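Each chain, letter by letter, is given below.
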Amino acid sequence: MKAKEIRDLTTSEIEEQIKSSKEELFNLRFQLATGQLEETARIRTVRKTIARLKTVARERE
RNA sequence: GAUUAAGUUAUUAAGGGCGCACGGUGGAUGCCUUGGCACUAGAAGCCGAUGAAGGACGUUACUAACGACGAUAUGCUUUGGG
């Protein structure tokens, strides 16, 4: 799953937070406009792995 | 079936009336319940400057409205049932 394969490192949270938010979900919503019904189930999963990366940083407060 | 007169009583149905048969529109009655109303027993009787009651605008792969949700948005973490 993803829920506790995270808790890996403090600094590598935001350096992966900016890696999936900025550089994956932005590519997967431009390609939805120009024509793609190939993987329209990746947009739910790379959005529900941002919520797991912005929940763990509250436990480190 | 006339040859002449005299005398009678009919048939018609453009359409209407009564009876019967067969059709349409119309949604009464019959049979049901998702919703109500009237009340007994146990809880319960407050939320709001740490920003309330109520809301507008948003959220799905494609979203017009209600539902539940808030840029972590048709859901996220954890402890238990299943």
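By the method listed in its record, cryo-EM, this PDB entry was determined to a resolution of 3.6 Å.

A.B. asks: Outline the protein's contact with RNA strand B, listing residues and values.
C.D. replies: Taken together, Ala3, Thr40, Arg44, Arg47, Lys48, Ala51, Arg52, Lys54, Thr55, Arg58 and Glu59 make up the full set of residues adjacent to RNA strand B. Each atom of RNA strand B within 4 Å of the protein was assigned to sugar, phosphate or base; sugar and phosphate come to 81%. Here a phosphate oxygen of RNA strand B sits 3.0 Å away from a polar atom, N or O, in the side chain of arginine 52. One of the side-chain N or O atoms of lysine 54 is found 2.9 Å from a phosphate oxygen in RNA strand B. Residue composition of the surface near RNA strand B, by class: 2 nonpolar, 2 polar and 7 charged.

Cut-offs used in this document
Residues numbered from 1 in each chain as written, not as in the entry; some residues may be left out. Chains lettered and ligands numbered in written order. Part of a larger assembly, values for the part shown. Heavy atoms only, no water. Residues with missing side-chain atoms left out of burial classes, pairs and counts. Near = heavy atom within 4 Å. Polar contact = N/O pair within 3.5 Å; in protein donor to acceptor, adjacent residues only side chain to side chain. Nonpolar A, V, L, I, M, F, W, Y, C, P; charged D, E, K, R; others polar.

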